[PDB]
Each structure stands twice: as C-alpha cells, then as structure tokens.
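The form deposited without the named molecule is given below as one chain in structure tokens.
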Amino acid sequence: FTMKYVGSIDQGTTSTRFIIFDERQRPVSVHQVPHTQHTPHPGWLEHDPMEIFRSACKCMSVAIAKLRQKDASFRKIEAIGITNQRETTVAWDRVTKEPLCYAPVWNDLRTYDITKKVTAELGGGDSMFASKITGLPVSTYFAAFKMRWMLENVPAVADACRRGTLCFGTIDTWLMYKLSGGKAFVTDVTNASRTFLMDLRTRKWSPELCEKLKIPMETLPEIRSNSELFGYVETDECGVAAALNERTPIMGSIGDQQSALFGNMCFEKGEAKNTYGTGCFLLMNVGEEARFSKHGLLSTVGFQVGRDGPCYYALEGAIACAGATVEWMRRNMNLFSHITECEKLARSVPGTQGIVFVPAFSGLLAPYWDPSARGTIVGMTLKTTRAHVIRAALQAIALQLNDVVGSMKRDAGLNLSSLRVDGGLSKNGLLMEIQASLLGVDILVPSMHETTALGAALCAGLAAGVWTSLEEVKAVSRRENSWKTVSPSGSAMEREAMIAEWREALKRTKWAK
C-alpha cells in the first residue's frame, strides 16, 4: 500500500524547516523559511514568536505540496514531531492567544543582572547551588531567568501575570500551543530540563525553585515524554489544517541537540554526537542514571520514549567558535577564498611546526569556563605561513573537544564508544582525521544530512506505530542511510605531545576586559 510519512518541524535559531520522512527514514520533501534576528541592544537577541509560527506553517504547506507532486497517493502524514532551539522563552496571553513581547533567545545576555543576583542571594555565591536538582549552573541561557526578566521589565507580561492569563514556554510549547489553536499547553522532558525549573531525575517541576525565582507555576506547561500524544494540528494558518487532510497528531517533541543525539542512533551508554554549527554542542548518552559534572559540563535529559519508558540521560559540553573560526580565517583574515582551500592548505604542511592557535574569540567554554580568554597565536617564526595557521586552527578544534571528552569520561566513568558528527565542518576531512586520532575514537559522518530533524520524526513515528522498536529503527537506518567512518591514525606520544603543547598555550590566553 501507500507509504507512511512522518513530518518533522525543525525550528532553529536562524530558520524553520519542515521535513517529511518516509518509512526508510529518508527525507523526501523539505522547505525552509528564515526569521528575523532582532538585536535591540548589545548582547541582546530576540525572535518574533508569530514570525516563527507563520514560518513553520509556510514550511508545512509548501513541503506538503511538493510531496503530493512526487506521490499523488500521499493523503496524510501519520504524525508530526517537533525539534527546536532550546531555552528561547516565549511569553503569551492565553486569551488573546498573542505574545506580550519578543522572545529572548538562548544566546541573549540581557539576563546578566538577574543571573548575578540569583547566585548571590539564593546560591550564596555558588552558581552550582541547584545543580543536583536541575543539572545546571546559574547562567544567562536558561529559561527561568528570561521569564524573571520579562516579569520585571515588560509591563504587559506583569499585566498578564497580575491578572492570571500569563503563559511561559520554550519554542516547543509555543509551537504546540499555536498549532493547536490554543488547545495544548505542554512540553517535553528535554526542553523542560533547560528551564532551571525541573528536577532532572524526577522530571517534574520544582516548586522550591519556582517560588525562589519568583515564577508562578500557573504560567508553566505540563511535562510529557519525547514520544506520546501532545495534541493535534488545529490551525488554518497558512492553510495547514487543510493541507494536512486527515487530522494530524503531534506525537514528538525534543530539544534540537537531543534530537541530533537520537536521530544519530546514540542509544547506548558512551555513544555521542557532536553537532557543528557556528559553535558546536557535544552530547553523550550516559545511561539511565543521571551523571553530575565536576568539570563544567551540563547534566540533561537525553531522551524518554513514552510516559513510563526508560529515561536516558546525557552530559553536555559546548564550545563557541568552530565553524565561525574557519569563516573568520576567510572573511576577516583572507587566509583563503573558497572553503575548499581551507583543507588544501592545512594538508599542504607536515604539522603546525611550533605554533598554537587558540581561537577563543568569545572566551573559553568547553570545560574550562574562562570568559577572560581571547583569540591568541603563540610560537610564530618567519617560517610560519597561513597553511600552518589554518592547520593549527583545525588542531585547536580537535583539542578543545578532547578537553570536553576528557571531562565527560571522568564525570560519567565511561569511555566514548563512538562519535557521530554532522554540520558545516563535518565535511572537512583533515579535521575528522585529527579529531579521530586525538580522541582515539571512531568518527561517523552520516551521508543523510537530516539527522537533527529525524530525531523528532523518530519520536513521532515510534508513538504513531510507523516504527515499532529502536532495534527496527536501527535496522532501517543501517539499510538506508550510509556513513563514512574515520578511525584513529596517530601514535600515543603524538597525542600526549600535542596536548602538552596545547596546555602551555592555554596559559597565555587570558586577556579579559
């Protein structure tokens, strides 16, 4: 009979995408719509919630139209999954169905003042004071502090709060709310874990933290798993309820990085995913028992398939400048013109030969949180060329991830089994070879470019019966979607010497204000 299709909304920081998958886990139809990156002040970033909603709607109707062209028997989508940029918080009124203000992005720094105040007055100076509850440090990124800011600075948000019509929610909630025409007010365990308001292990809202951070629990949605019935697409914007035909259940919701972990089949303990973009996030599945960090890392939910399915937890490490570093060498420094020359020049030299380039342009994150760190090159002679500098940048990305991986291994008591990588820099062959040799792990690069989107589609498809088990999911994946493997090709001393050289260079990165 006809193919079963699963649709995935991939709502990213810069754009929204709807991707329709079939039973082969193959992306058969795609549409993308970008949205506005509002920066009203320095360090501020916010998105127009209604623009994001309309973008998703357009993506759906266009992708549906394109598929019916390829398959005329395509009448319905079995279920829809959502995957989203995390932490970004929307504030809306439950009567007008409208947002009270623009949504502060995960990246936004406006919450700095509140962040300081929380650590000092509630944490007594310790930013890790609630880390055994949330798995998180006090930071500008997490949803709670953005909520507090909107209560303190936006009169309309406080007006909705004082009346009792205020709703707070991350992008998954907002989308599910508007897609349902105001009928659903829900969130998944992964998104909820990024709010600073959820107990990580019990996966329930914490009244202790909600009251301390002055957030009314009346403004918070219901927490569900990643794979179950969330609601139904009940909106004719932009003709989506029509474009859909059979009434379509929303059955998947999962944070973007977690969706990548899931979509790359990282089901076992020690299986990890590094998602490349401007920076990169590294997530490792640490098993069913939550692991807490002594070395800067985040403790988060990996995935939970079903209301009482096993919850797999993860450790998370972020480094800020990856793809941005390679482009920096291009648009800012003129080291190359085409991004194909980047690897060509880097491979044209036997080594860095004395130099180390620490591309800490936005400070040191990884495990060693040092906001004073800056971009720095040491050890240069007159024999130093752009080729050695580019290769040093590639070595640096590898060494930075090694610092994260090392920290993850110690925090989890678990070796990195294998590493999946996708995104802009996963194409760079030399970077992969250096990373594989330095980490001592196999690097798997998916030939299918839509593994982030696939995660939410897998969550929905499992809930909708398109796929019946993770073992079937894995079997279909192996049959349909190939991958390149990059194995270690370096020596033991070659690694130790490179790290020792790296450690010496880090000492000189401090620059500060």
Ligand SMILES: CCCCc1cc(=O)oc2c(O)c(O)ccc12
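What we label the rigid core is the largest C-alpha set whose atoms superpose within 1.5 Å from one form to the other. Note that residue numbering follows the sequence shown and begins at 1.
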The stretch that moves more in 9 other deposited structures of this protein, judged by RMS C-alpha distance from this form after core superposition, 283-291 or 364-372, is 364-372
Stretch farther from the shown model on average in 9 other deposited structures of this protein, with CA RMS computed after core superposition (377-385, 436-444) = 377-385
Where do the C-alpha atoms have the higher mean temperature factor in this entry, in 452-460 or in 477-485?
-> 477-485
Return whichever of 288-296 and 233-241 has the greater mean Cα B factor according to the PDB record.
-> 233-241
Between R224, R86, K132, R163, which carries the biggest CA temperature factor in the record?
-> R163
Among the candidates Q257, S417, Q304, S253, give the one with the maximum CA B-factor reported in the record.
-> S417
Among all modelled residues of this chain, ranked by Cα B factor, put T325 in the bottom, middle or top third, i.e. lowest, middle or highest.
-> highest
Temperature factor at the Cα of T195, chain-ranked in thirds, falls in the lowest
Where does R201 sit by CA temperature factor within its chain: lowest, middle or highest third?
-> lowest
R503: CA temperature factor from the record, placed by chain third, in the middle
Hey, what third does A373 fall into on Cα B-factor, ranked over its chain?
-> middle
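There is another form of this protein, the form solved in complex with the named molecule, and it is not shown here; the text below is about that form.
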May I ask whether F18, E234 and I250 each come within 4.5 Å of the named molecule in the deposited bound form, counting any non-hydrogen atom?
-> no
With the cut-off set at 4.5 Å between non-hydrogen atoms, does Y312 touch the named molecule in the deposited bound form?
-> no
Is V441 close to the named molecule in the deposited bound form, meaning a heavy atom pair under 4.5 Å apart or at it?
-> no
Tell me, yes or no, whether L298 is in contact with the named molecule in the deposited bound form, where a contact means a heavy atom of each within 4.5 Å.
-> yes
With heavy atoms only and a cut-off of 4.5 Å, decide whether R420 touches the named molecule in the deposited bound form.
-> no
In the deposited bound form, which of 238-246, 196-204, 176-184, 84-92 comes within 4.5 Å of the named molecule (heavy atoms)?
-> 84-92
If you check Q353, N153, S362, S139 against the named molecule in the deposited bound form, which one has a heavy atom within 4.5 Å?
-> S139
In the deposited bound form, the residue from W149, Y102, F267, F281 with a non-hydrogen atom within 4.5 Å of the named molecule is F281
